[PDB]
């Protein structure tokens, strides 16, 4: 690609002091952080982020909650990072999440499940460009590259 995924710590993950933990789970798997910021996300941005859900009953409540406190959008790079990101986050519903996953370790409620992650490569490219301008995406050559992929 290089393959990239969009990860976002939600307002409850910020409140509960889990930003570094989410980042560390990607770093220890050898994934490269290429962008990050903390922001108050606007209603208009969140409506576009969740546009696939705009027809559903819970969409207005989700958009208001996601603007009720700061969030931390970020972008990770590496092999199979989209599908591995989804596994590392765990099932949407925490009670279906296996331990070792972020939601299985930290969450008890689907509406407070700490972190968002792209569900497909097409979604990831859309979300990365929605939240970050190209100038915010940093590029570097990871020294351990020969030892993390063949």
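Positions refer to the first chain, counted from 1.
A.B. asks: What stretch has the higher average Cα B-factor here, 24 to 32 or 37 to 45?
C.D. replies: According to the PDB entry, the answer is 37 to 45.
A.B. asks: According to the deposited model, is the average Cα temperature factor higher in 96 to 104 or in 83 to 91?
C.D. replies: Comparing 96 to 104 with 83 to 91, the higher average CA B-factor belongs to 96 to 104.
A.B. asks: Using only the C-alpha B-factors in the record, can you name which of 66, 115, 124, 56 has the highest?
C.D. replies: It is 56.
A.B. asks: According to the PDB entry, is the CA B factor of residue 8 in the bottom, middle or top third of its chain, that is, lowest, middle or highest?
C.D. replies: As the PDB entry reports it, the C-alpha B-factor of residue 8 lands in the lowest third of its chain.
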